[PDB]
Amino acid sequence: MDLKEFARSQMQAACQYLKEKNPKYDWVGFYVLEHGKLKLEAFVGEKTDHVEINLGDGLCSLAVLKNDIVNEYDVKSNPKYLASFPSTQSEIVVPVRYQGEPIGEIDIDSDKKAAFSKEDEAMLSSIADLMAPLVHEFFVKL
């Protein structure tokens, strides 16, 4: 076995759990920072064209640059960003940290408007902390 593949299977199980337990969560994935770029390493839902994201691009980049939650309750009334899927109406990006710094993120899309409450935020923050040591196996610094 391998610690990277072990971490992948945990991150995959977490995506699966979050999707199955929350009716409104339509797509769930973990992006990790590798050589300055965000790379998708685990997900559940339909396939995304955006497997690698250069920074500056979107809610995904923004969560890492501000080092905080970005919760967009109406993706489609926000003329400064496009989701990856046409059905998506809200999206939340939660940072995963190592020694206080973002190394990755959990990214979730809902087909419903304003899907993510402040209670979702607190829970997802808690999950990000709990998964951090796992997600870190994928981090490759600049």
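Start at 1 with the first residue shown and count on from there.
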**Report entry** 76 to 84 versus 23 to 31 - which carries the larger mean C-alpha B factor in the record
**Finding:** 76 to 84
Report task. Give the stretch, out of 50 to 58 and 108 to 116, with the larger mean C-alpha temperature factor in the deposited entry. Result -> 50 to 58
Query raised in the report: Highest CA temperature factor in the entry: which of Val44, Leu65, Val94, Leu40?
Result: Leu65
Report task. Classify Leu3 as lowest, middle or highest third according to the C-alpha B-factor given in the PDB entry, relative to its own chain. Result -> lowest
Report summary line: Of the three thirds of Cα B-factor ranks in this chain, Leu142 occupies the highest
